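> Below is one structure. I have some questions about it.
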């Protein structure tokens, strides 16, 4: 939050260049496109969460960011993740299918192929958080495109009011593992040519 | 504790089932629907599926674009799952007795269980530009709840949910809560599952998880493996008090609901067992019902060798301690006749129990050669329904439960009751 | 808060991590906060808002300048006064040794007065000790008369000498320290008492 | 390399061959990481059910 | 040794406990903060020790034409013993009606 | 119908995969000779290239021989094949993570059935396609073969070997194999012939059909390589003959009966003839260069002293089961450490060299008399008393010999210590080594890079004597503990505690309070700095002390 406040109060913009280091094969099809990317989303720390590095390769970047961001949300809430185990905490995650396995230019090794399913199925994201943090409340994933975060908060607020759960963890992730969402909006000319959302400007 | 009324069910299931009355004939005749790989889908699958058997919908590749106002190119671009929801929703309204035009401008909510079907990956060539424009929205998981609201002019919230096999019972729970909070006037809840790609069959076959004959031998001592199948279904829900004010027909009444996670610890404690024992207690408490009053449970019963035993044990730990004298819990699963049905596994069970209440009979579970040795049946307080039994209206209110489970850890339960059925 | 004033009492500052490198980077992050917030609030936070991992360190000091010098010593990985480091092992395996008064007459007797003259200072530092010491001293004063209160307040060479005053004070201070360690959540799995101290061990 | 360089060299060497060449029945902490330690891991996400 | 240590009397007990807490005992530090004016304050979060995890190796920084092949001429073969150059192509059924206008 | 893809035909062929080394057959219109092409991606290369030489992946010689047979038989129903004049130049290799292109061609010679088969490997940049094998093919072998030979008659004249030692003998020849080529199950060898048992030789595409010959032929190469010494690889075969796919078990016989060449035969589990090989030669590629092949880059290697800040707590000495001997330059230090150990109940004995006086009741040893016999005759006497030994402490005074003697020479100061300590270390082990004692060589001011002033050059013979033990008497634990040359030495229980936490061997140091351990670690070495460098022109240079071979390159 403090980095976002520093950026927003200093009047900066964060749109920039297409990410290198991702395995992309895009030619002239994204030439001159500007967009805002998470640099270093290809980097992770498997040993902290109890994962072997082969499963960390199979996982959708969206499941990795939720699992890191959850630990951070607990540390700032002042709640020890070891005191959260066995709780009636619910999980409501906004996620969409990220395309990640479709980057593979050649057939997968025989170990990673047996991890890919629960690494990439959208409904595995809520269950994986509930597994890592030992949470016994309901674990659902929602998709309603751009409004997936308000849908997650709405269901979490209504669950807490009805007494379904003692806490609720609500949010989402979006990582462009494939170029195709940029390409199609560029092909239909929906993108601004400088890449800026001039929110209410002439 | 407002009771929520099922006004109508539309469905598509294996073996040419197009209605609740078709499913009733297939279960009451003791058939099974499992068969060979679908002809006429574009599958280039090699020797990797030789001997695989599953519950397919024959003819899922066919549709009627002009009835729903679509151009045939847009109808070709859509995920098969969205087409089955759209066809099944109109049939749900037609049985409910609502004119779909009179439903326009209504505060109807939509809650759909859908998972990404892979359909655009069938393409060998890059598609023509007229398909390339329509492919984006027509294959998105979120768009599946939006197209229903656009076609029928609905103004309530629209959500797509994914929790693997529990997606229909989770969708139904959120619809029951939305109606009880007073968010909406009616709610439309259900799901779809159609295998446009062979990859889920291969990923289970590579590990020998599928049964060799493709049958889910629910709770039986054989217990060879799982059995995959397709399906779609929609239920239309309204508050029982508003249903009686308007005079709409009530097929069955949903009385209470719950969802929980099996969590994570050492398997020695049976984490999956403890979770089911809590989800049943929560669902009974939500509806203010009591554990003596339930007659039957439509169990998960998938046929996994250790997996069915934990469920039976959790039922003996819960319903099996509080039976009236000579009223043991009847247990079975529709997943024996039609296979698992994946995201719609809860709709299949509700169609069975709605039809059982109407006909005053409970159907026999197919392939039950003998009860599983991984649980202690010696109390006699729970028993598998190996022959049909009568279930007449009378002094004791007929009630039944449903259990749905999945490997991401979600478990859930519903309690169902008779319609109030005042004399004409 | 109506927050109270105090003298500069020592603050224990605890850090933990899942590998050695993360401990040193955590010490680099914390240095900016201890040099701005008050140290008693920072130490109280780390005791409850963070989990206890396998690699551990403790920093001890009376004030901001000392605590910052210890945290810099951790960050460079160089040993310094008031810094402790190690790798924890989960097994309980703890026992406690107790002694009587008179053995301090065998040699270096003034050190067995200076230990008790140091231990008297704990009555200002830790609240549980003052309660436990009064609750034993006011009880012994019923068997032995008034001098035990004066002796406990001035623990001279009597604490090292084979005497009724010495043995009363030794039972008092050992009973008080046991109630202190069992207030810090140490729990002895065995006890062993040398000579006349066996009543305290029992 | 003004100080702290110590015993220092420049060569093509494969040290994993070097410690397995000849024979060697016990560790040598100049070439090899000193020891393992007491910790445990989870059974994996879905795998306990399949 | 618990009561014995350095000149400030509290550091003896806190250092002896600190060594047991380091070695493994789950010591409760709350007695060191009792009666004192302690508030909660925000702190840094944990420093992750990251490494690369991706199914594909990082892209080569080399510029190339996006789709160079001519539709009818296609790809040049490199048969080692050949007396003269050769080229071959497949047209798939959607491409066929695109080239055959 | 509303679907993205039109329906596939209701009947189609079994579509069996192409053999992975020869791939798709091309269809050039006018061409006389057939040709074939394959690309292997970075994920496929390491799957087919199942052998490593000096760490780099290589195509097995049995796979090259089967590649030619698979290319030969391609269009024909014939089950019996003769290949002759087979030549296999060079090593096929691919640096880890790199593409490979493979190509092959058949030319009919017009000499009846005679076809010539060639195999070719990749090139890029300044490189072009290069030959990596060729053979001449004839079908229709049209001659009988022997009646059943009993496999149990084969091993009777020969010694059996452990399959674990057979694959270790190959590792000491640069070669390692992945599990699909670890096909031997029993081996017998002696004099000039050998025999072996080969299992289901199931390479990729080889759990059934002809591809299994790649591993059965590679087993003949593993065996033919086993009898010699020094690195060697196949170059030629003068005949290979094969009938049918090979059985689930086969018996191999390999013979060295020629002038520097091998012949071999393969029999089925029934004792029926399957294949034969003549003129298998490895000798023309005995001793081919590893320096042009190994995978390792040029790097900077450095000994770094790391603090044992984590877990540096001494622990406990393992009880008084045998004595500790202490030997020192100072009799008072030997006494002090023996007295310190006695307080803990660890029994100890003090020793001194006989140029020092017996001031405090020590034993005395003729060290300085540089013969292991007289020092051994001393240590033997304690065994006749009934002394058991758990370990030996050797302690060295550092620079103190300089002011004590009143003259300086660092080369003399080194050479005086070496012979004394060699006589001690040998003279001890010759009398006790069966007890597996522990040795501690406690130098002072020998360890570089750490604090405590510059290291004394006169200490260097102790580090040499330490490292010489580690590779020559590997059953013994030993450790070097380099003390600060100026600070007071720590309590002897602190030494033996932090030493007994080492299994095997290690180097340790103490400076102030901290313990340190030496580790050898590696970082990149930019030689392009020397390509940018120029030597200053207005100067002389000396190149000194070299032989001709170094001197020519240094001046170059």
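> Please state, as a whole number in µm²/s, the translational diffusion coefficient that the Stokes-Einstein equation yields for the stretch B:352-402 at 25 °C and 0.890 mPa s, with Rh defined as the Kirkwood radius across alpha carbon pairs.
Details: Rh = 12.9 Å.
The diffusion coefficient I find is 190 µm²/s.
> Report the label-to-label distance for residue F:295 and residue F:24 in nanometres (one decimal), using points 7 Å from each Cα along the Cα→Cβ vector.
3.0 nm
> Is there a simple number for the mean count of other chain Cβ atoms within 10 Å of the Cβ of residues in C:88-97, and what is it? Before the final figure, lay out the partial values.
Values: counts 7, 6, 5, 2, 3, 3, 4, 0, 1, 2.
The shielding value for this peptide is 3.
> Compute the helix-to-body angle for F:460-472: its Cα long axis versus the longest principal axis of chain F, expressed 0 to 90° and rounded to tens.
So the inclination is approximately 40 degrees.
> Now for a separate question. Decide, for the stretch C:11-76, between rounded, prolate and oblate: order the square roots of the alpha carbon gyration tensor eigenvalues as a ≥ b ≥ c, take rounded if a/c falls under 1.5, and otherwise choose prolate if a/b is larger than b/c, else oblate. Walk me through the numbers before you get to the answer.
Details: a/c = 1.84, a/b = 1.28, b/c = 1.43.
The shape class here is oblate.
> Pick from B:96, B:185, B:325 the residue whose mean-square fluctuation is largest in a GNM of chain B, springs joining Cα atoms under 10 Å.
Result: B:325 has the largest fluctuation of those listed.
> Under 1.5 on a/c is rounded, so check that first for the stretch C:122-202, then, if it is not, pick prolate when a/b is larger than b/c and oblate when it is not; a ≥ b ≥ c are the square roots of the alpha carbon gyration tensor eigenvalues. Display every interim value, and only then the final one.
Working: a/c = 1.90, a/b = 1.22, b/c = 1.55.
It comes out oblate by the Cα gyration axes.
> Return the Rg/Rh value of chain A, two decimal places, where both radii are evaluated on C-alpha atoms and Rh is the Kirkwood radius. Don't jump to the answer; show the numbers that get you there.
Details: Rg = 18.7 Å, Rh = 19.0 Å.
Answer for chain A: 0.98.
> For chain A, what is the calculated [θ] at 222 nm in deg cm²/dmol (nearest 500), taking -39500 (n - 2.57) for each run of four or more DSSP H residues and dividing by its residue count? Walk me through the intermediate numbers first.
Values: 8 runs with 71 residues, N = 202.
The helix contribution divided over chain A gives -10000 deg cm²/dmol.
> Let me check against my output: what whole-number percent is the relative contact order of the stretch F:111-250, with C-alpha pairs under 8 Å and at least 6 apart?
17 percent
> Tilt of helix E:9-23 relative to the longest C-alpha principal axis of chain E, in degrees (0 to 90, nearest 10)?
Once rounded, one gets 40 degrees.
> Hey, in the GNM for chain A with a 10 angstrom Cα cutoff, which one of A:131, A:100, A:92 fluctuates hardest?
A:131
> Another question, if that's okay. Determine the relative contact order of chain A: mean sequence separation of Cα pairs under 8 Å and six or more apart, normalised by residue count, in whole percent. Intermediate values should be presented prior to the final figure.
Working: 241 pairs, mean separation 55.3, N = 202.
27 percent.
> Compute the Cα gyration tensor for chain F, then decide on rounded, prolate or oblate, letting a ≥ b ≥ c be the square roots of its eigenvalues: rounded whenever a/c is under 1.5, prolate when a/b is larger than b/c in the other cases, and oblate in all that remain.
prolate
> Within 10 Å of each Cβ in peptide D:28-36, how many partner chain Cβ atoms are there on average? Round it to a whole number, please.
For peptide D:28-36, the averaged partner shielding equals 6.
> How much mean residue ellipticity at 222 nm does chain F get from its helices, if each DSSP H run of length 4 or more adds -39500 (n - 2.57) and you divide by all residues, to the nearest 500 deg cm²/dmol? Don't skip to the end; give the middle numbers.
On the way: 12 runs with 132 residues, N = 556.
Calculated at 222 nm, the ellipticity per residue is -7000 deg cm²/dmol.
> Let me ask something else. Need one number: nm distance between label points at residue A:200 and residue D:17, each 7 Å from Cα along Cα→Cβ, rounded to one decimal.
Placing both labels 7 Å beyond Cα along the Cβ direction yields 7.1 nm.
> Now, a different point. Can you give me the pair-distance distribution of the stretch B:4-417, C-alpha pairs, 20 Å bins, whole percents?
27, 59, 14, 0
> Also: Calculate the FRET efficiency for residue D:7 and residue C:190 from the Cβ-Cβ distance with a Förster distance of 45 Å, rounded to the nearest 0.05. Spell out each step's value before the answer.
Details: r = 49 Å, r/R0 = 1.08.
Once rounded, the FRET efficiency stands at 0.40.
> Here is a further query. Report Rg(Cα)/(2.2 N^0.38 Å) for chain D, keeping two decimals.
Details: Rg = 19.6 Å, N = 50, 2.2 N^0.38 = 9.7 Å.
Its radius of gyration relative to the 2.2 N^0.38 Å reference: 2.02.
> What's the angle, to the nearest 10 degrees (0 to 90), between helix C:64-76's Cα axis and the longest principal axis of chain C?
Between helix and principal axis, roughly 60 degrees.
> Mind checking the alpha-carbon convex hull of the protein assembly as shown and giving the volume per residue in Å³?
Dividing the Cα hull volume of the protein assembly as shown by its residues yields 312 Å³.
> I've got another one for you. So what are chain C's ellipsoid semi-axes, whole angstrom, largest first, if each one is the square root of 5 times an eigenvalue of the alpha-carbon gyration tensor?
Values: eigenvalues 288, 81, 52 Å².
Ellipsoid half-lengths, sorted descending, are 38, 20, 16 Å.
> Let me ask something additional. Would you report the distance distribution of C-alpha pairs in the stretch B:102-148 as whole percents per 10 angstrom bin, up to the bin with the largest distance?
21, 41, 24, 12, 2
> Determine, for B:268, B:259, the number of other Cβ atoms within 10 Å of each Cβ, and report the residues in order from fewest to most.
Numbers: B:268 6, B:259 25.
So the residues, fewest neighbours to most, are B:268, B:259.
> Still on this structure, I have one more. How shielded is F:292-298 by partner chains, expressed as the average number of their Cβ atoms within 10 Å of its Cβ atoms?
Values: counts 0, 0, 3, 2, 6, 1, 4.
The mean count of partner-chain Cβ atoms within 10 Å per residue comes to 2.
> Would you mind calculating the relative contact order of the stretch B:4-417 from Cα pairs under 8 angstrom and at least 6 residues apart, reporting the percent as a whole number? Show your work: numbers first, answer last.
On the way: 911 pairs, mean separation 94.3, N = 414.
Here the relative contact order equals 23 percent.
> Using a simple spin-label model with points 7 Å from Cα along the Cα→Cβ vector, what separation in nm is obtained for residue B:37 and residue F:114?
Placing both labels 7 Å beyond Cα along the Cβ direction yields 4.9 nm.
Cβ coordinates were reconstructed from backbone atoms using ideal geometry, including for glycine residues, and neighbour counts include every protein chain displayed. None of the figures in this text is laboratory data; all of them are computed from the coordinates on show.
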